[PDB]
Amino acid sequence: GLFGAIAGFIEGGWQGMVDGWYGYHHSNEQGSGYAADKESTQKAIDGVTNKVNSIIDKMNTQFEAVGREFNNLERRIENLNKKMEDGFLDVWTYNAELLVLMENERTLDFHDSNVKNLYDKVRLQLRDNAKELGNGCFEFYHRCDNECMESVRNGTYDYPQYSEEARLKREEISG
């Protein structure tokens, strides 16, 4: 895509994740599990839906062909009428095809982005409290129970509350 996230640095999506479009996998003392980010997928479903209503509404007012008859001494205007009607059909066929192609690629680069923006979101909350493995994952320098990780997902994460525990762990291995 436009930076390398969806089928990028995090190679692969999670078939196991069935609650949403963008989300999290968590692994702590209380097992593992998938959890979808409700807010940014809803914001993405809204936009993809509006895009789809926008593209249909842009074609509502579009040329409509009418059968006209012409006699055998009106072959010029008959050709005029045909060329004109085929003309508008080729034009709108072009418009419909091109908008779909153009918006398809943008929709993919949009999903792509929402995955990276959600990633810098967590990467900015955690900072030096975790090591960034570079596969889309973060390995905490402290323990994060199922209530600490709820905090990173909805922007509630408290950084100083885990700052010191984490500082010790990078120094423990570096000591």
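When you see a residue number, it is the position in the sequence shown, counting from 1.
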- Message: Mean CA temperature factor from the deposited coordinates, higher in 67 to 75 or in 87 to 95?
- Response: 87 to 95
- Query: On average, which has the higher Cα B-factor in the deposited entry, 144 to 152 or 113 to 121?
  - Reply: 144 to 152
- Note on the structure: From 57, 128, 46, 39, the top C-alpha temperature factor is at 128
- Rank-wise, by C-alpha B-factor, drop residue 62 into the lowest, middle or highest third of its chain. lowest
